[PDB]
Amino acid sequence: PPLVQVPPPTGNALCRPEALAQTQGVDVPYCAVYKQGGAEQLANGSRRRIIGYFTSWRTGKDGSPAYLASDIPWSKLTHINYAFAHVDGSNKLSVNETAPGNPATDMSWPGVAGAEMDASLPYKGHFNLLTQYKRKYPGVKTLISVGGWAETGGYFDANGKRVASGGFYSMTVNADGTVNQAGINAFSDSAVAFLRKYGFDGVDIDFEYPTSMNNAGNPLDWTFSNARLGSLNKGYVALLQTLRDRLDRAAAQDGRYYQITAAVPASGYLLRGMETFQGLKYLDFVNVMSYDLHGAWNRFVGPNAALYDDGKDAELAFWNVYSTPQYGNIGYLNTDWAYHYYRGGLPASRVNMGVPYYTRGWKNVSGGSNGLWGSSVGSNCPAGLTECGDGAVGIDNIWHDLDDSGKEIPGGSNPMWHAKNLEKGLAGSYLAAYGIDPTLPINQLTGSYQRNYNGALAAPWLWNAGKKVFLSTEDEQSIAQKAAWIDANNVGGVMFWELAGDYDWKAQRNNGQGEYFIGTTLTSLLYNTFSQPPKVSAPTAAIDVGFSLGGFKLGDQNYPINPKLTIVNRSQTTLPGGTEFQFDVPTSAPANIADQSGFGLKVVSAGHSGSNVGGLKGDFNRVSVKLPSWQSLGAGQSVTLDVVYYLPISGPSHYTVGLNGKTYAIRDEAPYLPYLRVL
Ligand SMILES: [Cs+]
Ligand SMILES: [Cs+]
Ligand SMILES: [Cs+]
Ligand SMILES: [Cs+]
Ligand SMILES: [Cs+]
Ligand SMILES: [Cs+]
Ligand SMILES: [Cs+]
Ligand SMILES: [Cs+]
Ligand SMILES: [Cs+]
Ligand SMILES: [Cs+]
Ligand SMILES: [Cs+]
Ligand SMILES: [Cs+]
Ligand SMILES: [Cs+]
Ligand SMILES: [Cs+]
């Protein structure tokens, strides 16, 4: 059949990342950051992204250990995310740059070698140092992260009090449930101005979370989030599409490229309320928050960031996930599952998986095996929680937050250097600097912290049998195991929270006796692995047929997941009955996807079968559905069918249309192939 010829891509279009949505007609300068074919030009000779979160609040001004921009391992990273900007009362991106003494732009560190201010920049603070060091390391990108858990829905004032402004929720969705175009425009324009002003290379959206699951947000945000559940997906897609548009236009004007990234949830629960993550097409890449999968907000004691399911996750067992036939023995609270979820709508090159450089932990743990998959129920829950685990405290919780009364909030949160000292039987000479009285019982080292490791989970932890304390850790053994998995799956890279938690042995500390402290062991392991060779070694025509899943219920009602699939014929040909549509569904969902409309939709190629212990065994389950023999799809017309699947997916992707003996790609995915207009 004759096809319609399309002009081939030229110039910058030859460097567009695979599947990234470009702003039509705008000369976006992709080749400034990407290679031909769309792979990223990465700093320091690395094969993988190595993305470190830098937190703004470790300035050392209160006497606690500082971690400054000059302490960053610039020669071993590819990207640095600055945490956090927020959405202010005028819906603009803000770091309180105009507040006297603010750490971003109005702070200095006299006498600290390497932290000297460049007098030629019209700002001081962290940003001054970031600008300076980027000159020495010109390939390293900086991005401004916006939101996070505490400031997704509000922001802190000068007195440390939180203003419940609504943040992302009110900026993206009006109180009446419609998308807030004015707010999204103000924010997007402000992001462009911010990038231009401070020399950032991109914006990292850390909206926690645009999900329709009830009570999923920070409890402090529920009056905003719960009122918007049905609208948050549309609001988030509008935010990302508009941000993409404004940054693409700015990039074309400035002759340099601006990235949009997002910190995105690993939780299958959160994702159940996020439709198919339609917004992925706007993102240069995602940073998957494959950590805080378990923690003392509930009683289920286990790894913070398991790589794999082991069939024994105590939380999943409690909810009957392993035993329900429909779930096909897929357990989802793990890094591998989350990665495979995001491949539904992204190539591997645009996904980076997160790891923690910090601990979470419980005390008074019962059951389990050396605490693993045990139980720890707590009392006097943190504000907003109606149940909690018994979070570890004192010497087991040195990176705690404080409540309004100035009291430590339990949770077993520590930098990994402190966890390494506990393992060694060292209390840490820095305790007093954190305002921790080392003479108090809860702040003394009692019992023995025994390191455990589970290779099925790629998870280390400390178990203190005397205190019944379980601290989930991350160290060289688990990083090496995850790094192997990254390389073998050719994943885009690795993200970590946070730089200040990485460690080294410091022989001179502790009166010359030595202890662990701030360092670069884990980042160095990642870099050394990814900058050297790995340890281990299509349709020619298209048709304009469109596919989309929609009609999702509110998240709490989305069991099982049964959206409507709409197929639209935008060719000038009638698709005869028997025409076959295929597409890839990520293996995050069991390979039992079906339709409820009598179409006979089924998996024709299973990338994964059986339990996912030891990891999912492939990327995609390819699905086929045919028009019934008697039913055509006319030019310009649509047909819908109800589908059902059992765990969240993004995408789908990689569509083909099987028409009169020939297989076509679709123009939405393959815009430069010659295409079928008439047949
Ligand atoms: Cs090389
Ligand atoms: Cs350094
Ligand atoms: Cs300087
Ligand atoms: Cs200087
Ligand atoms: Cs988070
Ligand atoms: Cs935090
Ligand atoms: Cs179960
Ligand atoms: Cs020990
Ligand atoms: Cs975190
Ligand atoms: Cs090899
Ligand atoms: Cs039917
Ligand atoms: Cs497959
Ligand atoms: Cs297996
Ligand atoms: Cs494989």
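When a residue number appears, it is its place in the shown sequence, counting from 1.
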Side chain to side chain contact (heavy atoms under 4.5 Å, CB included) involving [X] - partner list, sequence neighbours excluded:
X: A66; value: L68
X: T211; value: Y209, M213, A216, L270, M274
X: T529; value: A483, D487, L525
X: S588; value: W337, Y341, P586, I649

Could you name each residue pair satisfying side-chain hydrogen bond (donor to acceptor under 3.5 Å, both in side chains) that touches residues 532-550, not counting sequence neighbours?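 Sorted pair list: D544-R570.
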TODO: Scan residues 115-129 for pairs that pass side-chain hydrogen bond (donor to acceptor under 3.5 Å, both in side chains), counting only residues two or more places apart or in two chains.
DONE: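 Applying side-chain hydrogen bond (donor to acceptor under 3.5 Å, both in side chains) to every pair that reaches into residues 115-129, excluding sequence neighbours, yields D118-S120, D118-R135, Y123-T131, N128-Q132.
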**Prompt:** Listed by chain and number, what are the salt bridge (charged side-chain N to carboxylate O under 4.0 Å, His left out) partners of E474, not counting sequence neighbours?
**Reply:**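 Testing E474 for salt bridge (charged side-chain N to carboxylate O under 4.0 Å, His left out), a comparison that skips the adjacent residues, returns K482.
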Identify each donor-acceptor pair in which a side-chain atom of residues 140-150 lies under 3.5 Å from a protein atom, sequence neighbours left out, and give them as a table.
| residue | atom | partner | partner atom | Å |
| --- | --- | --- | --- | --- |
| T142 | OG1 | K134 | NZ | 3.0 |
| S145 | OG | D204 | OD2 | 2.9 |

Any side-chain heavy atom of [X] sitting closer than 4.5 Å to one from [Y]?
X: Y342; Y: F285; answer: no
X: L280; Y: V286; answer: yes
X: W109; Y: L129; answer: yes

What pairs of residues pass the salt bridge (charged side-chain N to carboxylate O under 4.0 Å, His left out) test when at least one of them lies in [range], not counting sequence neighbours?
range: residues 80-97; result: none
range: residues 233-246; result: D189-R246, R244-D248, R244-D284, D245-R249
range: residues 254-268; result: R196-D254, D201-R256

Electrostatic pair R350-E18, nearest N-O below 4.0 angstrom: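 No, this pair does not count.
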- Task: Kindly compute the distance separating CG (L14) from SG (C31), expressed to the nearest 0.5 Å.
- Result: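 That separation rounds to 6.5 Å.
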For residues 493-503, which side-chain donor-acceptor pairs fall under 3.5 Å, sequence neighbours excluded?
| residue | atom | partner | partner atom | Å |
| --- | --- | --- | --- | --- |
| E498 | OE1 | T55 | OG1 | 2.7 |
| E498 | OE1 | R58 | NE | 2.9 |
| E498 | OE2 | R58 | NH2 | 3.0 |
| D502 | OD1 | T521 | N | 3.3 |
| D502 | OD1 | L522 | N | 2.9 |
| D502 | OD2 | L522 | N | 3.3 |
| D502 | OD2 | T523 | N | 2.9 |
| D502 | OD2 | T523 | OG1 | 3.3 |
| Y503 | OH | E476 | OE2 | 2.9 |

Taking the six-membered ring for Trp, are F127 and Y82 parallel (under 30°), tilted (30 to 60°) or perpendicular (over 60°)?
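Perpendicular: the ring planes of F127 and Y82 meet at over 60°.
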